[PDB]
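Engineer: Handing you this structure, nothing more for now.
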Amino acid sequence: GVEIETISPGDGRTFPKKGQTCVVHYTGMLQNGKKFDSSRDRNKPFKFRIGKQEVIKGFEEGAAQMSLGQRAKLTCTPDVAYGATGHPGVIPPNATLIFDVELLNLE
């Protein structure tokens, strides 16, 4: 269950398709917790492609439901990212993730 809460500006028409490699200034946030990840720290804005199951399921659907210049606010359910397992030491079991996602890409 990916629940978008869009902060408005962008274009709203350049939608991500297959065979497209995109660039995101994401920022992790644990719900009822602190930060765990930020692409804004390293200033390398995480170039990745669409469809090849690189990212988790919750971030993959939320990326496709955006457009260029937009600023979303994800809420990834446990069953789509880690909630059975949990990423070891970093993400606990049965976790619900919060993402500040900005798509400033190409293609």
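Labels for the structure tokens follow display order: chains A, B, ..., residues from 1 in each chain, ligands from 1.
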Check chain A with DSSP on the backbone and list each residue it calls strand (DSSP E), as an NGL selection string.
Structural biologist: :A and (21-23 or 27-30 or 47-49 or 71-76 or 97-102)
Engineer: For atom CA of residue A:39 and atom CA of residue A:71, determine how far apart the two atoms are, in Å to one decimal place.
Structural biologist: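 Distance between the two atoms: 14.6 Å.
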Engineer: Quick one: everything within 8 Å of residue A:98, counting only C-alpha atoms, minus sequence neighbours fewer than 5 positions away in the same chain. Send it as number ranges by chain.
Structural biologist: A: 28-31, 73-76
Engineer: Have a look at A:82, A:6, A:66, A:21 and name the one nearest to residue A:50; count only C-alpha atoms.
Structural biologist: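 Closest candidate: A:21.
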Engineer: Quick one: of A:55, A:22, A:106, A:7, who's nearest to residue A:80, counting only C-alpha atoms?
Structural biologist: A:55
Engineer: Quick one: of A:27, A:20, A:53, A:105, who's nearest to residue A:40, counting only C-alpha atoms?
Structural biologist: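 Under the stated criterion, the closest residue is A:27.
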Engineer: Extract the full set of helix (DSSP H, G or I) residues from chain A according to DSSP on the backbone, and format it as a list in words.
Structural biologist: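 The helix (DSSP H, G or I) subset of chain A is residues 39, 40, 41, 42, 57, 58, 59, 60, 61, 62, 63, 64, 78, 79, 80 and 81 of chain A.
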Engineer: I want to know what sits within 12 Å of residue A:9, based on only C-alpha atoms, with residues of the same chain fewer than 6 positions away left out; could you give that as a list in words?
Structural biologist: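 My reading of the contact set: residues 66, 67, 68, 69, 70, 71, 72, 102, 103 and 104 of chain A.
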Engineer: Would you kindly return, as a list in words, each protein, DNA or RNA residue with an atom no farther than 9 Å from any atom of residue A:17, considering only C-alpha atoms and excluding same-chain residues fewer than 2 positions away?
Structural biologist: residues 15, 19, 20, 50, 51, 64 and 107 of chain A
Engineer: I'd like to know which of A:61, A:36, A:56, A:45 is closest to residue A:89, using only C-alpha atoms.
Structural biologist: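 So, comparing all the options, the nearest one is A:36.
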Engineer: In Å, with one decimal, what is the gap from atom CA of residue A:65 to atom CA of residue A:46?
Structural biologist: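 We find that atom CA of residue A:65 and atom CA of residue A:46 lie 18.3 Å from each other.
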Engineer: Would you mind reading off the distance between atom CA of residue A:34 and atom CA of residue A:59, one decimal, in Å?
Structural biologist: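 These atoms are spaced 18.9 Å apart.
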Engineer: Hey, which of A:93, A:10, A:88, A:16 ends up closest to residue A:49? Count only C-alpha atoms.
Structural biologist: A:16
Engineer: Leaving out residue A:42 and any residue of its chain fewer than 5 positions from it, which residues lie within 12 Å of it when counting only C-alpha atoms, given as a PDB file with N, CA, C and O atoms, in the first residue's frame?
Structural biologist:
```pdb
ATOM      1  N   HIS A  25      16.675  12.413  -5.105  1.00  0.00           N
ATOM      2  CA  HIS A  25      17.229  12.904  -3.841  1.00  0.00           C
ATOM      3  C   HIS A  25      16.369  12.422  -2.671  1.00  0.00           C
ATOM      4  O   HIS A  25      15.655  13.189  -2.023  1.00  0.00           O
ATOM      5  N   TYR A  26      16.460  11.125  -2.387  1.00  0.00           N
ATOM      6  CA  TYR A  26      15.585  10.578  -1.363  1.00  0.00           C
ATOM      7  C   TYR A  26      16.138  10.862   0.028  1.00  0.00           C
ATOM      8  O   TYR A  26      17.265  11.331   0.202  1.00  0.00           O
ATOM      9  N   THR A  27      15.322  10.553   1.031  1.00  0.00           N
ATOM     10  CA  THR A  27      15.707  10.703   2.433  1.00  0.00           C
ATOM     11  C   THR A  27      14.877   9.738   3.257  1.00  0.00           C
ATOM     12  O   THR A  27      13.648   9.840   3.273  1.00  0.00           O
ATOM     13  N   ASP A  37      18.607   7.021   6.541  1.00  0.00           N
ATOM     14  CA  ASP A  37      19.270   7.109   5.251  1.00  0.00           C
ATOM     15  C   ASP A  37      19.000   8.480   4.657  1.00  0.00           C
ATOM     16  O   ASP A  37      17.937   9.067   4.872  1.00  0.00           O
TER      17      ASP A  37
END
```
